[PDB]
């Protein structure tokens, strides 16, 4: 219940499906070059419910991800899309045009969007992020340094409702505009019962 690797949960490593297996900074884990995010299978409802339960309990989460994004592009890292295809209830977008990490939350009929500034992740090079969300607070760590904070207009658990798995599904690298992720992703994971400090220390940071 501590680690939820999204690519592993979707089964995005099966042979022939919306992505291409490549190498990443982590020599022991598979990396995925996005070819067509639309074709990447959604996280099964049962596994997504486990995630929802974890977020509910911790009143937030710790999201880790390594990315090599195309310059000047808006790329959705992940999103909670409504099963009825009317939109997304939540999304994390690496906005290479604004040089920000955008967090969108739709708490019924209302789309609130907040940008985490000074976060240019869209550089043809590999970057690692640690996003810590607790209540209505967001703290972003890029690599072993840089902390940029932002506050949401509503608490994170307000999105992660009890039976969210019944109306939405978790998609990786897929957007609502034409914000599909362009580039390579690796180790996109939700981690619980741990802190960012605790985790910056376990990657060699200081």
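Think of the rigid core as the biggest set of C-alphas that the two forms share within 1.5 Å after superposition. Positions refer to the first chain, counted from 1.
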**OP:** After fitting on the rigid core, pick out whichever of 44-52 or 140-148 shows the bigger RMS C-alpha deviation in 5 other deposited structures of this protein.
**Re:** 140-148
**OP:** Once the rigid core is lined up, would you tell me whether 169-177 or 62-70 has the higher RMS CA deviation in 5 other deposited structures of this protein?
**Re:** 169-177
Original post:
Do the CA atoms of 25-33 or those of 43-51 have the higher mean B-factor in the entry?
Top reply: 25-33
**OP:** Averaging only over Cα atoms, indicate whether 185-193 or 10-18 has the higher B-factor in the PDB entry.
**Re:** 10-18
Original post:
Which of these, 149, 66, 57, 38, has its C-alpha atom at the highest B-factor, as the entry lists it?
Top reply: 149
**OP:** Among the candidates 131, 113, 98, 107, give the one with the maximum CA B-factor reported in the record.
**Re:** 107
Original post:
Lowest, middle or highest third of the chain for the C-alpha temperature factor of residue 94?
Top reply: lowest
Original post:
Ranked by Cα temperature factor within the chain, is residue 86 in the lowest third, the middle third or the highest third?
Top reply: middle
**OP:** Consider only the C-alpha atoms of the modelled residues in this chain, order them by B-factor as the entry records it, and name the third containing residue 167: lowest, middle or highest.
**Re:** middle
Original post:
Looking at the C-alpha B-factor of residue 125, is it in the lowest, middle or highest third of its chain?
Top reply: highest
**OP:** Could you look up the Cα B-factor of residue 177 in the entry and say which third of the chain it sits in: lowest, middle or highest?
**Re:** highest
